[PDB]
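S.K.: how would this look folded up:
(5 chains)
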Amino acid sequence: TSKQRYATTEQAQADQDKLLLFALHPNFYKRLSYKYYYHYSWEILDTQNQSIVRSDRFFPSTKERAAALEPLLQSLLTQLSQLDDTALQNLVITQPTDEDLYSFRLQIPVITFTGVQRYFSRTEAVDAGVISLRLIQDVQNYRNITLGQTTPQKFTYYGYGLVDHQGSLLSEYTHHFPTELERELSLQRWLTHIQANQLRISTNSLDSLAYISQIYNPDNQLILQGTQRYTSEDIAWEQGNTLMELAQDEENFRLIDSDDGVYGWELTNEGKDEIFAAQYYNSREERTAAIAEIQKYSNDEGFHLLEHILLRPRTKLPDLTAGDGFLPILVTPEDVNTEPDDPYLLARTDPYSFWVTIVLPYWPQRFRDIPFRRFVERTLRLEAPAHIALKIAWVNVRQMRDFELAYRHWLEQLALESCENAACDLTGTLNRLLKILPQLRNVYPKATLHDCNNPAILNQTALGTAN
Amino acid sequence: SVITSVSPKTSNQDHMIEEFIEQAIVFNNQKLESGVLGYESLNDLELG
Amino acid sequence: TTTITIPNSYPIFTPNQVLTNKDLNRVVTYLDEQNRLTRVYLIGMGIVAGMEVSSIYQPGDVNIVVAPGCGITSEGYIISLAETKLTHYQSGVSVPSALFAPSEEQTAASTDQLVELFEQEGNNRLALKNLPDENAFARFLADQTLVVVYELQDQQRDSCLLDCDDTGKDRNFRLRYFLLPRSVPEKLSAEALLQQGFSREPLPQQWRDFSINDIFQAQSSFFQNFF
Amino acid sequence: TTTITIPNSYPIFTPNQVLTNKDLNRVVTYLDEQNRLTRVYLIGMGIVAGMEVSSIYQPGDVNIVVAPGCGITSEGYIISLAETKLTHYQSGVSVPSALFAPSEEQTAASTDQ
Amino acid sequence: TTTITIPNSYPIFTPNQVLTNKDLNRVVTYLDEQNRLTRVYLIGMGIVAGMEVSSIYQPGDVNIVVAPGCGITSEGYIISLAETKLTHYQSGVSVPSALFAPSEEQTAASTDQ
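M.R.: Residues are numbered from 1 along each chain as shown, chains lettered A, B, ... in the order given. Let me share the structure:
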């Protein structure tokens, strides 16, 4: 595969010669080693709610594990059934152990199970074998587990790929092997088949629309490009609040090694099932520096301070096309019969006096802790002047950028009028800011009921939707 | 708000203090298990 | 529309479930409706204790008085009054017609022009003491009835006063007093309310030529005739 | 079994608490049981308005008619009927007797025809 | 201070909210007030079925017997008794004053003997 995307077929046809040239030279093929993966399997329980047998078939991801059950059950349903106990006992293997206990293993002409417990005699092992052979046909007894657990065991995979001169990675093999031997065998087979020249060059097309997440430096430099193609701008934005959290931990960076000149990384979940981005470098030092830089900008802490009396309307002749807007006031008709000096009413109708707004990002890992979040609010209120009230909001990635762009442009236009009457579109820049302030909201995690992995806690959880 | 005490001449309430008597004690503490090994004296195992 | 039915469905909760706002709205509506149905089907409807109406015109006190009591509306709401004294008025008030319709009716409707009575002085509320004379007051109270309306309002709670969290509405109830003409051919009147309320389903063929107050009065005037 | 007693336990919520479905179930059961106990102990039990049953047979019209009305069960549920016309039937239906036992009953039961 | 007032407010829920104590406590209190208001304002207050008290003295038996029945408290709580036979006693017990006071009663009162 080309490891490249083209906009027009002319660019695709232009680059075929390079791929065909380098493909034919075995000295441009490199071996790669993807260090860490997980394994998943099932456990079979009995009536007394204990585990007897565990399946040997294992998967590198949960999605495949989930998919495989129905064919497996069907295979064991019709075939492994309708057999007299006399024939079932020929499928049970019993072996003595060091403690002078017996371990029972199960094999079916192949589907195998290892057996979890230990027995005092061969008869106990064989009856447990028969009982397990009967239980293994009911899906109600299957429980999903991760092998090698007190963290799960980490496994290594191998692969190979094709590079050009000067270290760029032209292509990668799409499958991974549990051992070097299968990798070497597949590489030899591919090399012989390509040298035989007994080619077929294709150009394939993707989806029409695709949105991509991106991370930038303070100096407008691009890092962490991303690999998943989203179907809508809204989905790409909602997924950005999870990428920004995974990037903060170096445990989530899978490492791609090789013998010479090729180094890279991949960013995955906590469970190593899905990939969000990947990138390749020419040395260990560039890869090490790049990982540390990404972790830095995913934990940028600070706030912005906005003073409401400067949002005051200023236009004195609103007879033209446009004028200054107003803030919301939150009053009802029943207030017409009370005094305008009421401290409760006056606070609602006058949003321009001694009011201050503070906006903070929520995703940094110290700001996701609610007990820490509340202590920070208390400190701000102690330091502020006695007669001033504060509004404090903890926002996500979509609203933080919407605020910062409108906020920056208004500050620049405000300065120009004071610094020699040189502003353009001052009122329009203001009106585009008064529409974002009412929309800021605090972010809380979603509620899940607790009974006897993230329990809902009252006063700090949000509700979901019907569908 | 400021916290102060209760007095029988500013309100009609006082602090209520009574004497503790040993022989009239009742315990509120239920055994987690009973009649099984590990939870009873040797004199109380009935060999069911 | 239809008569209120007995609610047969109300969600049950399970562990490790995401909850929705409709999942709670459904149970609150269920319990409210069952209490209302008890009150309306197993006891009855209407004024329980007296609420006799009087009108006083003294050189120093001009008002309308309604005596204490309690009652049930047709929909299980309890209305409880105590010594209500009305002294100010405001004419030409626009009131929605959906205010008198069943709750199950979802249609919007135009507004009518009623007169309101108030106990306290207001911005646009003329006192009864400023009437020219007793004859003007008497012409004010001619061929008219009172009605006490129990209005429901869904008010949205404030969002950012100290903290910008999301909030939801509340449901409040209000009492209003409207002075209504007895019979006006093209405007809202007591007889029109009776017609809309009772003439919902066809009556026997022998009653077809009566108005609702006529069909009521024919039974009390039974014994003066037909003896 | 025995008569229905008066509810004794219903949780109270305090700040920063973990929500369990058992508490919501407990509050809804409490409120429903209070409504039913009111209806049963302070008013009465049985058929309120008449529900006389009639059988009509004509060469082209075979029916059983139940007149409209309302009624209260012994547990406090309201049954309300309106002009019920029964004209089809299914014989030999197996129905569990657990339908006729009180709600406090726990035993499993066979079915009748 | 005053008679119980009919409730006039209870939370309404909308999607995407942060839930707190009051949004549950107010609905529970609202529904309970509705039930007890029904019982006291439309039926009445007091002892429904008789609870006669008797005092029996024998050489072996000294007791005070109360016969079964039901009754409604002036705030809508239902009391139901069945054949209570009192045989033991304890004198000089201190009882809070708020045990006989209205639920809204805020004041200061000593215990009694």
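
S.K.: helices or strands up against the helix or strand residue A:190 falls within?
M.R.: According to DSSP states H and E, residue A:190 maps onto helix A:180-196. Other elements packing on helix A:180-196 under the criterion 3 or more CB pairs under 8 Å, 6 or more residues apart in numbering or on different chains; DSSP states H and E are strand A:29-37, strand A:155-163. Quick note: C-beta positions are derived from backbone N, CA and C, even for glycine.

S.K.: Tell me which of those strands lies nearest to residue C:81.
M.R.: For residue C:81, the closest of these is strand A:29-37, at 76.6 Å, according to CB to CB.

S.K.: for that closest one, packing partners?
M.R.: Packing partners of strand A:29-37 (3+ CB pairs under 8 Å, 6+ apart): strand A:155-163, helix A:180-196, strand A:253-258.

S.K.: what's next to the second one, contact-wise?
M.R.: So the one you mean is helix A:180-196. Contacts to helix A:180-196, defined as CB atoms under 8 Å, 6 or more residues apart in numbering or on different chains, come from residues A:23, A:24, A:26, A:29, A:31, A:158, A:159, A:160, A:173, A:177.

S.K.: Restricted to buried residues, select those residues in ChimeraX.
M.R.: What follows is the ChimeraX syntax selecting those of these that are buried according to 16 or more other CB atoms under 10 Å in any protein chain shown:
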select /A:23,29,31,158,159,160,173,177
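
S.K.: Out of the contacts of helix A:180-196, the closest to residue E:11 would be?
M.R.: residue A:159 (58.3 Å).

S.K.: Who does that closest one form a beta bridge with?
M.R.: residue A:32 (DSSP bridges).

S.K.: Helices of the stretch 251-400 of chain A, start to end?
M.R.: Remark: helices assigned in the stretch 251-400 of chain A by DSSP state H, counting those that start in this stretch are A:284-297, A:343-349, A:370-383, A:397-418.

S.K.: got a list of what the residue of the stretch 101-250 of chain A found nearest chain E touches?
M.R.: Going by CB to the nearest CB, chain E is nearest to residue A:238 of the stretch 101-250 of chain A, at 13.9 Å. Listed by CB under 8 Å, 6+ apart, the contact partners of residue A:238 are residue A:398.

S.K.: same question, residue A:28
M.R.: By CB under 8 Å, 6+ apart, the neighbours of residue A:28 are A:22, A:162, A:163, A:164, A:165, A:170.

S.K.: do residue C:41 as well
M.R.: D:70, D:78.

S.K.: now with 7 Å?
M.R.: Contacts here follow CB atoms under 7 Å, 6 or more residues apart in numbering or on different chains; on that basis residue C:41 touches residue D:70.

S.K.: Could you do residue A:213 as well?
M.R.: With CB under 7 Å, 6+ apart, residue A:213 has these contacts: A:226, A:236, A:239, A:240, A:243.

S.K.: Equivalent analysis for residue A:248, please.
M.R.: Contacts of residue A:248 by CB under 7 Å, 6+ apart are A:295, A:298, A:299, A:365.

S.K.: repeat that with 6 Å
M.R.: Contact analysis of residue A:248 by CB atoms under 6 Å, 6 or more residues apart in numbering or on different chains lists A:298, A:299, A:365.

S.K.: need the contact list for the last one.
M.R.: The neighbourhood of residue A:365, defined by CB under 6 Å, 6+ apart, consists of residue A:248.

S.K.: Dump the helices and strands packed on helix A:180-196 into a markdown table; add distance to residue A:418 as well.
M.R.: Shown next, in a markdown table, are these (distance: least, CB to CB, whole Å):
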| stretch | distance to residue A:418 |
| --- | --- |
| strand A:29-37 | 58 |
| strand A:155-163 | 58 |
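
S.K.: Give me the neighbour count for the residue nearest to residue A:120 when sequence neighbours are not counted.
M.R.: Excluding its sequence neighbours, the residue lying closest to residue A:120 (CB to CB, 6 or more residues apart in numbering or on different chains) is residue A:101, at 6.5 Å. Neighbour count of residue A:101, defined by other CB atoms under 10 Å in any protein chain shown: 14.

S.K.: surely residue A:101 meets residue A:121?
M.R.: No - the pair residue A:101 and residue A:121 fails to qualify as a contact (CB atoms under 6 Å) at a distance of 9.0 Å.

S.K.: Show me what counts as buried in the biggest helix by length in chain C.
M.R.: Under DSSP state H, the helix in chain C containing the largest number of residues is helix C:21-42. With burial defined by 16+ other CB under 10 Å, the residues of helix C:21-42 counted as buried are C:21, C:23-24, C:27-28, C:30-32, C:34-42.

S.K.: what's the answer for stretch A:439-458, then?
M.R.: Result for stretch A:439-458 [16+ other CB under 10 Å]: buried residues A:440, A:441, A:442, A:443, A:444, A:447, A:448, A:449, A:450, A:456, A:457, A:458.

S.K.: show me what contacts the first one?
M.R.: In this case it means residue A:440. Applying CB under 6 Å, 6+ apart to residue A:440 gives the contacts A:393, A:395, C:164.

S.K.: Include distance to residue A:81 and neighbour count when you put the residues you listed into JSON lines, please.
M.R.: Below are the contacts of residue A:440 laid out as JSON lines (distance: CB to CB, whole Å; neighbours: other CB atoms under 10 Å in any protein chain shown):
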{"residue": "A:393", "distance to residue A:81": "62", "neighbour count": "22"}
{"residue": "A:395", "distance to residue A:81": "59", "neighbour count": "21"}
{"residue": "C:164", "distance to residue A:81": "62", "neighbour count": "21"}
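
S.K.: Take these and keep only those in strands.
M.R.: Counting by DSSP state E, these place A:393, A:395 in strands.

S.K.: What is the nearest of the contacts of residue A:440 to residue A:341?
M.R.: residue C:164 (26.6 Å).

S.K.: Just give the closest residue to that closest one, not the sequence neighbours.
M.R.: Closest residue in space to residue C:164, ignoring its immediate chain neighbours: residue A:393 at 4.7 Å, by CB to CB, 6+ apart.

S.K.: Run through the bridge partners of that neighbour.
M.R.: Here residue A:393, judged by DSSP bridges, has bridge partners residue A:359.

S.K.: Surely it touches residue C:165?
M.R.: No - taking contacts as CB under 6 Å, residue A:393 lies outside contact range of residue C:165: 9.4 Å.

S.K.: Tell me which helix or strand whichever residue of chain B sits closest to chain E sits in.
M.R.: Residue of chain B nearest chain E, by CB to the nearest CB: residue B:11 (3.8 Å). Under DSSP H and E, no helix or strand contains residue B:11.

S.K.: So what's the residue count around it?
M.R.: 13.

S.K.: pretty sure residue C:145 belongs to a strand, no?
M.R.: Yes - assessed by DSSP: H, G, I helix; E, B strand; the rest coil, residue C:145 belongs to a strand.

S.K.: Can you report how many residues lie near residue A:291?
M.R.: Per other CB under 10 Å, the neighbour tally for residue A:291 reads 17.

S.K.: my guess is residue C:179 meets residue C:114, correct?
M.R.: No - using CB under 6 Å, residue C:179 makes no contact with residue C:114, being 7.5 Å away.
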